[PDB]
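Visitor: The structure's right below; bear with me while I get my questions together.
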Amino acid sequence: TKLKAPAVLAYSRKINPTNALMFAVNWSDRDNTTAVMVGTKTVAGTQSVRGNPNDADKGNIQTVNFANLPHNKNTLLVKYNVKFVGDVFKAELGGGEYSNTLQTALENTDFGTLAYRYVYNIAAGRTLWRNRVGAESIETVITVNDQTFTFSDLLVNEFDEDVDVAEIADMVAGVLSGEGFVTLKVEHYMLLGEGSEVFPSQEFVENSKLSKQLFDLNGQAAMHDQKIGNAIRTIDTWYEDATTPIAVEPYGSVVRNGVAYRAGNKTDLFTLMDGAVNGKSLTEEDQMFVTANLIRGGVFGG
Amino acid sequence: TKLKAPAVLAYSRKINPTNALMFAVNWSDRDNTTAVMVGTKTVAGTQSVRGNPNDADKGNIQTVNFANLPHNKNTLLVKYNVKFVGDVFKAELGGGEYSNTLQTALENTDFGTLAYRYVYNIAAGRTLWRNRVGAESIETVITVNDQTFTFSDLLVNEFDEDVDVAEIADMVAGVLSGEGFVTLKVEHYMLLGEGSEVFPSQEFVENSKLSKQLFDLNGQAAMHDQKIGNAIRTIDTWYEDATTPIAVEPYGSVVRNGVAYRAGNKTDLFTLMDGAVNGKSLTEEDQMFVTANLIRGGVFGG
Amino acid sequence: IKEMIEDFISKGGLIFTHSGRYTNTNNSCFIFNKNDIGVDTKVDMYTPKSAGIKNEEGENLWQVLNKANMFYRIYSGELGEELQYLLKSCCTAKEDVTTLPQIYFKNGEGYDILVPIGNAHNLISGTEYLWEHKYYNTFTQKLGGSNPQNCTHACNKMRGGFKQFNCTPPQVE
Amino acid sequence: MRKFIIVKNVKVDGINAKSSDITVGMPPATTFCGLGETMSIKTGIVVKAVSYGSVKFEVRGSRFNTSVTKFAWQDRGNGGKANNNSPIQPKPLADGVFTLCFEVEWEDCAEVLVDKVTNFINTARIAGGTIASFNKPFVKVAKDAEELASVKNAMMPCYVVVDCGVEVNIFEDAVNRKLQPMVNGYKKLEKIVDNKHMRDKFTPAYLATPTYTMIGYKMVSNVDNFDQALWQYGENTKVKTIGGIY
DNA sequence: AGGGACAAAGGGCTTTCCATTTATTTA
DNA sequence: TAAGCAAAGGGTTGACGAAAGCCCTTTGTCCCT
């Protein structure tokens with residue numbers, strides 16, 4: 001008949017990115033790392049809503065948090081650590097016959113191209129979300145277990161094949177397919193131009209004076225760890241009218257566009273599991289989607 | 001039809017100006033830039049209010065910030081970079097369907113004229129405003145990919161036609177109509193004379209701490225980057241009774257004059273953009289306004 | 001009132017001013033102490049799996065007996081012996097000590113074993129007195145878990161739970 | 001000649017906060033006055049009175065809901081009912097740093113009392129709590145109020161507990177004065193007919209109901225009388241104060 | 001001399017009955 | 001010292017049930033042939 005997820009089936013994080021930090025460096029010298037800090041400036045713009053055409057002559061004012069490269073340096077440095085953990089399938093919470101029948105039905109996935117797309121997203125620098133634009137050249141350096149690599153140009157929308165991402169893909173694919181962890185200490189260098197604007201992650205502010213407050217650790221501009229871990233997993237290219245590599249979620253849902261790319265057409269992850277536990281043959285490019293959501297996380301309820 | 005703009009639709013900046021720093025140079029010795037610092041001077045004024053006239057016999061004291069040229073320097077420098085970054089038609093939030101029919105409705109906008117007027121405000125010097133008055137001769141030097149173009153004082157309002165503006169405008173028109181970005185490292189040079197008072201942007205005080213707080217960056221006088229962005233986009237000469245160029249606004253708002261130039265009479269943004277996506281054809285001046293405001297940014301959602 | 005009181009005695013039929021059901025749902029110990037019952041005091045109510053019949057407005061036996069000393073005008077005895085005797089046939093003593101705290105006290109030259117069981121009035125006057133009259137330091141609890149109607153009918157009726165005071169002193173800086 | 005022994009900065013962990021169904025947080029004065037009988041029976045040192053402060057205290061949980069661990073399945077009759085989580089009845093716990101003062105008469109050198117309370121700390125539990133770290137006890141001697149003020153100045157910093165008394169009843173007094181109630185005594189209700197389910201099988205057992213009182217949390221450097229802060233056994237099955245009502 | 005009935009005693013599983021405020025709120 | 005301090009978009013879901021009733025089985029208690 002049917003096997004169902006346990007009322008409780010929770011899947012812990014198999015990626016642990018640290019919240020990235022934003023530093024200011026020069027281009028020719030990268031050792032004088034000086035914190036880009038969150039400063040609080042004030043804007044005096046316009047009252048311009050789609051509604052309320054009467055209020056179009058009275059200027060609004062709010063205090064926003066801004067972060068720029070200081071006017072002696074022309075490179076933004078983004079420093080983080082990402083821990084790719086193994087023990088992918090073992091259900092943290094939950095875990096009986098919907099964790100083990102998934103193991104006997106999901107041991108033959110493609111971990112290699114999975115790890116290739118994840119290390120490509122770090123290497124092509126899609127982890128910045130706004131600092132790519134207005135940048136002449138990007139240099140992303142990755143250090144794993146006392147070895148260092150440098151990446152100059154990778155067009156991010158099409159996952160090209162090269163030789164300096166592929167061996168890190170072998171390490172990460174070996175560390176998800178078994179036990180353990182692999183630590184990527186990654187530094188992104190962007191020649192944004194002299195004294196340009198950097199874009200940290202905004203925090204939620206619940207009824208505060210600041211209309212725009214950036215993420216802050218010790219007075220200094222920083223980006224959210226879950227924003228980094230969002231941008232590791234923008235690998236999903238197996239949905240209806242496959243196009244952009246969007247972030248992988250059980251409904252294929254980007255909340256900026258307000259449309260879920262895998263929902264309501266029998267393609268979602270949840271659906272793509274009950275057949276797997278029931279024993280149907282999962283194809284080569286959607287069990288990899290299921291495994292990418294295993295290494296994402298989430299709750300798998302009743 | 002009736003594609004009502006997404007409940008949350010927002011367009012990011014496609015012009016990224018830097019915080020314009022101010023320096024003090026000489027007209028012949030143009031390389032020794034003395035950094036003008038924001039000083040703090042205290043001011044004994046008088047109450048000048050058009051009500052309760054009996055308070056005029058008693059004075060008052062407030063402490064202001066001031067930015068003055070050093071007496072050995074007779075020219076001020078304004079340093080900023082303006083980064084014209086392309087892909088002006090893809091939104092950041094929202095951005096789906098509504099924006100695609102906008103893309104297929106705006107493939108024939110005169111981006112050359114838009115780039116010409118967007119760089120004309122640099123070619124003259126709308127950025128300066130108060131530093132423009134009292135100047136014997138403005139001289140703006142633009143550096144863009146190894147191409148230095150010196151300008152003098154183009155009359156601000158009327159947009160004259162020449163050759164040196166047109167080359168940089170061709171570069172910007174090649175950027176905004178397609179992919180990529182361009183950078184203009186821009187230096188303004190004006191003979192304000194020995195020691196004359198210069199005018200940066202002014203920040204925001206607390207309840208009572210300073211009467212006028214100038215925008216300082218490590219103690220150096222500096223202009224606001226959105227003030228520079230107001231200067232770049234001061235191109236709008238397409239409202240009814242077009243007298244002087246204003247900043248391109250969704251409502252045509254000039255907050256300093258308190259008059260809504262485009263609100264309530266179909267020439268605002270949200271009417272001729274809804275007409276553009278609904279299938280109503282536009283002229284050669286409203287569609288270039290709608291893409292110019294897409295370069296400006298903002299949110300477009302009710 | 002007569003038909004649902006008759007349904008109550010045909011049911012398990014227990015009323016009580018003191019219980020250990022609040023400490024653990026496996027209690028089944030019930031005593032109606034007599035001398036502590038004053039005019040504004042409140043009493044909870046148990047029958048098996050919290051069953052009952054409404055009074056054609058969704059109104060069960062509890063708020064009936066609880067509403068402003070309704071029970072008092074049958075307990076003092078101005079409503080006749082016919083209702084009062086059938087009311088008195090329900091308040092019985094039920095003893096059980098399992099899964100309850102069992103502590104000692106130093107009496108005169110020796111120790112005494114005694115079981116702490118809870119009070120009926122304190123929970124209901126807590127829900128109706130720390131709430132309505134603006135005391136802004138309390139903890140809100142729900143007993144039991146996802147199915148709270150197992151203990152009593154008081155448990156069944158309000159699902160917001162009872163209120164305890166906070167016992168957090170300010171600490172040294 | 002009275003003697004004072006002091007347990008300073010004792011870390012209590014796992015202490016269940018449910019003093020009653022209506023008072024949660026600190027355990028009642030019955031707990032800390034039965035600690036004296038616990039060392040009177042287990043060790044043998046006669047304890048006549050007890051006082052307590054709180055260096056730190058926090059009940060485990062959030063701001064309006066403090067709550068309880070997932071229960072075990074430690075009951076017979078739940079053979080197939082073990083795959084599910086638990087039946088969960090509320091039992092909130094806490095953790096705190098405490099100071100304790102015990103009134104003892106010793107008639108012996110003070111080098112034995114410290115070790116004799118030290119080896120009792122390691123085996124007893126503070127209302128289900130676990131002692132993590134505790135300072136070394138020391139013996140204080142006071143014969144008047146002037147030498148009792150030497151005991152007063154050495155508990156700095158702590159927040160001691162003094163009696164405050166009830167005006168009419170509990171929740172009304174908790175509202176208009178904004179004070180804190182806690183259990184100070186127990187009232188006998190009914191005697192259990194059979195003693196085969198007791199833990200002693202000889203002493204008669206009576207059901208009890210908790211009687212409450214109002215208190216006050218006071219800075220230890222600002223209390224006039226320590227005997228206003230000490231607590232002891234009373235009558236009948238109650239606790240009270242040496243110094244009475246503050 | 002021992003399996004078979006007579007019946008108590010545990011034990012798994014099967015409903016069940018709910019409806020108030022959903023708090024606000026920190027020193 | 002005086003005049004003006006923005007808009008939408010959402011805010012999770014999963015376990016957390018004692019006692020009466022209904023059958024099923026097992027082993028105290030008693031029986032002759």
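If you're wondering about the labels, chains in the structure tokens are A, B, ... by order shown, residues count from 1 in each chain, ligands from 1 in order shown.
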Just need the residues of chain A within 12 Å of chain D, counting only C-alpha atoms, so spit them out as a PyMOL selection string.
Guide: chain A and resi 6-8+94+96
Visitor: Following superposition of chain B onto chain A on all C-alpha atoms, paired in order, what is the C-alpha RMSD to one decimal in Å?
Guide: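 My reading of the C-alpha RMSD is 0.7 Å.
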Visitor: Please identify every residue of chain C that has at least one atom no more than 9 Å from any atom of chain F, counting only C-alpha atoms (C1' of nucleotides), and report them as a PyMOL selection string.
Guide: chain C and resi 25-26+48-49+145-151
Visitor: Tell me, as a list in words, which residues lie within 9 Å of range 74-84 of chain D, counting only C-alpha atoms (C1' of nucleotides); anything in the same chain fewer than 3 positions away does not count.
Guide: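 What passes the distance filter is residues 71 and 87 of chain D; 10, 11 and 12 of chain E; 15 and 16 of chain F.
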Visitor: Do you know which residues are at most 8 Å from residue 156 in chain A counting only C-alpha atoms (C1' of nucleotides), after dropping those on the same chain fewer than 6 positions away, and could you put them as an NGL selection string?
Guide: :A and (121 or 124-126)
Visitor: Could you dump the residues just selected with N, CA, C and O atoms as a short mmCIF file (atom, residue, chain, number, x, y, z; two decimals), in the first residue's frame?
Guide:
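Below is the file that was written, again.cif:
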data_model
loop_
_atom_site.label_atom_id
_atom_site.label_comp_id
_atom_site.auth_asym_id
_atom_site.auth_seq_id
_atom_site.Cartn_x
_atom_site.Cartn_y
_atom_site.Cartn_z
N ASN A 121 28.48 27.55 -7.65
CA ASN A 121 27.78 28.73 -7.15
C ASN A 121 28.66 29.56 -6.23
O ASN A 121 28.56 30.79 -6.20
N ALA A 124 31.63 30.88 -8.93
CA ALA A 124 31.18 31.96 -9.81
C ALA A 124 30.69 33.17 -9.04
O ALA A 124 30.39 34.19 -9.66
N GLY A 125 30.60 33.08 -7.71
CA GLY A 125 30.23 34.21 -6.91
C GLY A 125 28.79 34.64 -7.01
O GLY A 125 28.53 35.84 -7.10
N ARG A 126 27.85 33.71 -7.00
CA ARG A 126 26.43 34.06 -7.00
C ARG A 126 25.97 34.30 -5.57
O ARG A 126 24.79 34.56 -5.31
#
Visitor: Quick one: residues within 12 Å of residue 34 in chain C, only C-alpha atoms (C1' of nucleotides), excluding same-chain residues fewer than 4 positions away - as a VMD selection string?
Guide: (chain C and resid 16 to 18 38 41 43 75 88 91 to 93) or (chain D and resid 189 to 190)
Visitor: Using C-alpha atoms, can you export the residues from the last selection as a compact mmCIF listing (two decimals), in the first residue's frame?
Guide:
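Output (result_8.txt):
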# COMPACT_ATOMS: atom_id res chain seq x y z
CA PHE C 16 -15.00 18.45 44.19
CA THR C 17 -13.24 21.47 45.64
CA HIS C 18 -9.84 19.74 45.88
CA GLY C 38 -17.31 30.67 50.86
CA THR C 41 -15.65 30.13 45.91
CA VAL C 43 -15.89 24.27 42.12
CA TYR C 75 -26.17 24.42 48.93
CA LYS C 88 -25.58 16.00 48.01
CA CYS C 91 -20.23 15.08 46.41
CA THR C 92 -18.43 11.90 47.50
CA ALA C 93 -14.88 11.28 48.67
CA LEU D 189 -8.33 17.29 54.76
CA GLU D 190 -8.88 13.51 54.84
Visitor: Output as a VMD selection string the set of chain C residues within 7 Å of chain D, with distances taken over only C-alpha atoms.
Guide: chain C and resid 24 33 95 105 107 112 to 119 122 to 123 126 129 135 138 to 141 143 to 145 163 to 169 171 to 172
Visitor: Set out as JSON lines a contact list for chain B and chain A with a cut-off of 7 Å, giving each residue of chain B that qualifies its closest atom pair and distance in Å to one decimal, counting only C-alpha atoms, ordered by chain and rising residue number.
Guide:
{"residue": "B:18", "atom": "CA", "partner": "A:196", "partner_atom": "CA", "distance": 5.6}
{"residue": "B:83", "atom": "CA", "partner": "A:134", "partner_atom": "CA", "distance": 6.3}
{"residue": "B:85", "atom": "CA", "partner": "A:134", "partner_atom": "CA", "distance": 6.0}
{"residue": "B:93", "atom": "CA", "partner": "A:256", "partner_atom": "CA", "distance": 4.9}
{"residue": "B:94", "atom": "CA", "partner": "A:257", "partner_atom": "CA", "distance": 4.7}
{"residue": "B:95", "atom": "CA", "partner": "A:257", "partner_atom": "CA", "distance": 5.9}
{"residue": "B:96", "atom": "CA", "partner": "A:257", "partner_atom": "CA", "distance": 6.1}
{"residue": "B:181", "atom": "CA", "partner": "A:134", "partner_atom": "CA", "distance": 6.1}
{"residue": "B:203", "atom": "CA", "partner": "A:42", "partner_atom": "CA", "distance": 6.4}
{"residue": "B:204", "atom": "CA", "partner": "A:42", "partner_atom": "CA", "distance": 6.3}
{"residue": "B:250", "atom": "CA", "partner": "A:48", "partner_atom": "CA", "distance": 6.6}
{"residue": "B:251", "atom": "CA", "partner": "A:56", "partner_atom": "CA", "distance": 6.3}
{"residue": "B:253", "atom": "CA", "partner": "A:57", "partner_atom": "CA", "distance": 5.8}
{"residue": "B:254", "atom": "CA", "partner": "A:57", "partner_atom": "CA", "distance": 6.7}
{"residue": "B:255", "atom": "CA", "partner": "A:57", "partner_atom": "CA", "distance": 5.4}
{"residue": "B:258", "atom": "CA", "partner": "A:57", "partner_atom": "CA", "distance": 4.6}
{"residue": "B:259", "atom": "CA", "partner": "A:57", "partner_atom": "CA", "distance": 5.3}
{"residue": "B:260", "atom": "CA", "partner": "A:57", "partner_atom": "CA", "distance": 5.3}
{"residue": "B:263", "atom": "CA", "partner": "A:53", "partner_atom": "CA", "distance": 5.9}
{"residue": "B:264", "atom": "CA", "partner": "A:53", "partner_atom": "CA", "distance": 6.3}
{"residue": "B:270", "atom": "CA", "partner": "A:50", "partner_atom": "CA", "distance": 6.6}
{"residue": "B:300", "atom": "CA", "partner": "A:50", "partner_atom": "CA", "distance": 5.8}
{"residue": "B:301", "atom": "CA", "partner": "A:50", "partner_atom": "CA", "distance": 5.4}
{"residue": "B:302", "atom": "CA", "partner": "A:50", "partner_atom": "CA", "distance": 5.1}
